[PDB]
Amino acid sequence: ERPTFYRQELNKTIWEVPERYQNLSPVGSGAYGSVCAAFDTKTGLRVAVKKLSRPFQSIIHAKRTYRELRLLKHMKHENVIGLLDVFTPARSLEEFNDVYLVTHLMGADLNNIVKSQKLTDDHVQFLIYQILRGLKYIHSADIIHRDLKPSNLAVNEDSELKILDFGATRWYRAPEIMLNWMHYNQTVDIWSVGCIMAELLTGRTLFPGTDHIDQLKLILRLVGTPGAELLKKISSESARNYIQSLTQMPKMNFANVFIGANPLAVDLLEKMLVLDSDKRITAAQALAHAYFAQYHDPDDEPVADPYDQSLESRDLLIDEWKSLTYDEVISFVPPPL
Ligand SMILES: Cc1ccc(-n2nc(C(C)(C)C)cc2NC(=O)Nc2nc(CCOCc3cccnc3)cs2)cc1
Ligand SMILES: CCCCCCCCO[C@@H]1O[C@H](CO)[C@@H](O)[C@H](O)[C@H]1O
C-alpha cells in the first residue's frame, strides 16, 4: 500500500511526507540544503529528511539528482553514508516533481570531535581505520571521493564514522588536483587521509594554505620538490620547465614533524603523503599496515559490487532523466533494520 502523506509548511515551502516521519524541524540553518530533523516512528530512529531543491529544473539538475540517488542506493557499507528511504508524494510520473532523501540524523562531523585538540593514538587508529575501510569499499566500486575532509565525515558518540559528500576547503586536497592534472588516481583520497590523520595526531592543520599557491608552497616544504622519477612523468612543457627552474629542497623528516607520535603512525604518514600519486599506499594496503593491528580484520573489510558511471554521464532529455529517477524511487528497497 501507498503510505498516508501529510502536508506542512517548512523552509518557505510545502513539504509532503509519509506520516511515519514525525516532528519535522529544519537543521543546519540551510548549509546542508533544505533539511529537516525528524523522528521515524516505524524504526524508532532520529532521521534527516532532505527536500531536493529544483531537482528537475534543468538537464544538469536532473542529471545530478539521478547520479546522487543512484549512487546512494548503491552504497551499503558501515563506514559510508546509506539511504534509509527515498520518496515522492506523486502518484504517477505525470505529477512527479519532488524527491525526498532520508538518512540517519547526524549529530557531529569530525571537526566537532577534534575541536582543534590532539586525540589519543588509540582514537586516531580507530578513526583512520574506519575512513580507510570505507575508502577500500568506495575505491573497489571504481569511485574516487575527491573532496575528503573532516566536514565530509560523520562521527557519532562512540566514534563510529561514515564517509559522505555534502558537495578552508583546499587544505586536504592532493597537489595534483590543485594543479588541474586530470588523470586522478584513487590515491588522491589517500593524500586527504594523510592530512586528516596528521591533524588528529597534532590537533593542527598540516597544510593551512592562505591561497592556492601558498597551499602548494606548504606541501613542497614537507614532501620536498619533485625528484627525477617524478619529473619524467610530466607531459606539460611549462610545468616541466618551471619545476626544473626551482631550487631542490629535500623531504623533511616526518619523525621531526610529528614529535613523540607512535612510530607506526609516522611510518604510515610517510607512505600516504608522497607527492608521486603512483607511490602512495592504497586503502587496502593501509588497512594491513601494523598501525591498525588492534582493529584490522581481513574478513570484514568488504568490497562493493561494480558501479556503472557511464549511465550518469549520458546526454539525455530532461524528461528522460526524470523518468529514470522516478524508476529509481519506485524500485527502492529499505535496508534491514
Ligand atoms: C551529485 C552528488 C553525487 C554523489 C554524492 N555523494 N557521493 C557520496 C560518496 C562518494 C558515496 C561518498 C556521497 C554522496 N552524497 C551524499 O553523501 N549525500 C548526502 N545527503 C545527505 C542528506 C542531507 O544531510 C542530512 C543531515 C544533515 C545534518 C545532520 N544530519 C543529517 C546526507 S549525505 C554527492 C553529490
Ligand atoms: C610542484 C608540485 C608538483 C606536484 C606533482 C604531483 C604529482 C602527482 O603524481 C602523479 O599523479 C598523476 C595523476 O594521477 C599520475 O598520472 C602520475 O603518474 C603521478 O606521478
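Residues numbered from 1 in each chain as written, not as in the entry; some residues may be left out. Chains lettered and ligands numbered in written order. Heavy atoms only, no water. Residues with missing side-chain atoms left out of burial classes, pairs and counts.

Under the PDB entry, the name given to the protein chain is Mitogen-activated protein kinase 14, and the organism recorded is Homo sapiens. Quoted verbatim from the Cofactor field of the UniProt record, the comment on the protein chain reads "Mg(2+)". (UniProt positions renumbered as here; feature names shortened; annotations may be inferred.)

Student: Tell me about the site of ligand 1, and name the residues and values.
Tutor: The environment of ligand 1 is formed by 20 residues, the closest being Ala48, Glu68, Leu71, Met106 and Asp165. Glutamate 68 is positioned such that a nitrogen or oxygen atom in its side chain is 2.8 Å from a nitrogen atom of ligand 1. One nitrogen or oxygen atom from the main chain of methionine 106 is found 2.8 Å from a nitrogen atom belonging to ligand 1. In isolation ligand 1 offers 770 Å² of accessible surface; the protein chains occlude 92% of this area. Looking at the shell around ligand 1, the elements with two or more residues in it are strand 5 (45–51), helix 1 (59–74) and strand 7 (100–104). Looking at which element gives the most residues to the shell around ligand 1, the answer is helix 1, with five residues. Residue composition of the shell around ligand 1, by class: twelve nonpolar, three polar and five charged. Formed jointly, the shell around ligand 1 draws a minimum of three residues from each of two domains, domain 1 (15–107) and domain 2 (108–303). (Near = heavy atom within 4 Å. Polar contact = N/O pair within 3.5 Å; in protein donor to acceptor, adjacent residues only side chain to side chain. Areas by Shrake-Rupley, 256 points an atom, 1.4 Å probe, with all protein chains shown as cover. Helix = DSSP H or I, 4+ residues; strand = E, 2+ residues; numbered from the N terminus. Nonpolar A, V, L, I, M, F, W, Y, C, P; charged D, E, K, R; others polar. Domains from an automatic or database assignment.)

Student: Provide a residue-level description of the site of ligand 2, including the pertinent values.
Tutor: Neighbouring ligand 2 are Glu176, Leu179, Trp181, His183, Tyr184, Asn185, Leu230, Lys233, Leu275, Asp276, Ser277 and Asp278. Taking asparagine 185, its main chain carries an N or O atom lying 3.3 Å from an oxygen atom of ligand 2. Side-chain polar atom of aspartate 278 to an oxygen atom of ligand 2: 2.4 Å apart, as the coordinates give it. Burial of ligand 2 by the protein chains amounts to 89% of its free accessible area of 530 Å². Among the detected pockets, ligand 2 sits in the second largest pocket. (1 Å grid on protein atoms, 1.4 Å probe; cavity = no way out; pocket = protein on both sides within 12 Å on 5 of 7 lines; lining within 4 Å. Sits in = over half its atoms within 2 Å of the grid points.)

Student: How would you explain the UniProt feature "active site" in the protein chain if you had to name every residue and give the values?
Tutor: The sites that UniProt annotates as "active site" are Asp165. Within the secondary structure, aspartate 165 sits in the loop between strand 9 (161–163) and helix 4 (175–178). Using a relative accessible area of 37% as the deciding quantity, one classes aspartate 165 as partly exposed. Non-local contacts of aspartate 165, meaning those with residues more than four positions away in its chain, are made with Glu68, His145 and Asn152. For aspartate 165, the side chain forms a polar contact with the main-chain nitrogen of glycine 167, separated by 2.8 Å. (Buried < 20%, exposed > 50% of the residue type's maximum accessible area, 1.4 Å probe, protein only. Contact = heavy atoms within 4.5 Å.)

Student: Can you explain the UniProt feature "binding site: ATP" in the protein chain? Please cite residues and give values.
Tutor: Per the UniProt record, the feature "binding site: ATP" sits at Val27, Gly28, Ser29, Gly30, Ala31, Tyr32, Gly33, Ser34, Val35 and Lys50. These annotated residues cover 24 residues of sequence, but their C-alpha atoms sit close together, with the largest distance between any two at 12.9 Å. Looking at where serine 29 falls in the secondary structure, it is placed in the loop between strand 3 (21–26) and strand 4 (34–40). For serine 29, a relative accessible area of 77% translates into the label exposed. With respect to the helices and strands, the residue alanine 31 is situated in the loop between strand 3 and strand 4. Judged by its relative accessible area of 61%, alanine 31 falls in the exposed class.

Student: An account of the layout of surface pockets is requested, with residue identities and associated values reported.
Tutor: Of the volumes computed, that of the second largest pocket is approximately 1000 Å³. Lining of the second largest pocket is provided by 31 residues; of these, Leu179, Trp181, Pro226, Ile243 and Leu275 occupy positions nearest its centre. Looking at the lining of the second largest pocket, the elements that each hand over two or more residues are helix 4, helix 6 (212–223) and helix 8 (237–244). Per-element tally for the lining of the second largest pocket: the top contributor is helix 6, with six residues. The residue makeup of the lining of the second largest pocket, split by class, is 18 nonpolar, seven polar and six charged. (Points joined across faces, edges and corners; volume = space filled by probe spheres on them.)

Student: So what's going on with the packing of aromatic side chains? Which residues, and what values?
Tutor: The description of an aromatic ring pair uses the distance of the two centres, along with the angle that the planes make with each other. According to the stated counting rule, one finds 14 aromatic pairs in the structure shown. In textbook terms, an aromatic cluster arises when at least three aromatic residues are bridged by ring pairs, as seen for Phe5, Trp15, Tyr21, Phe87 and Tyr100. Above the plane of the ring of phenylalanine 254 lies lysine 251, whose end atom (NZ or CZ) is 5.4 Å from the centre. (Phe/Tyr/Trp six-rings, centres within 6.5 Å; stacked < 30°, edge-to-face > 60°. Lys NZ or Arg CZ within 6 Å of the ring centre and 35° of its normal.)

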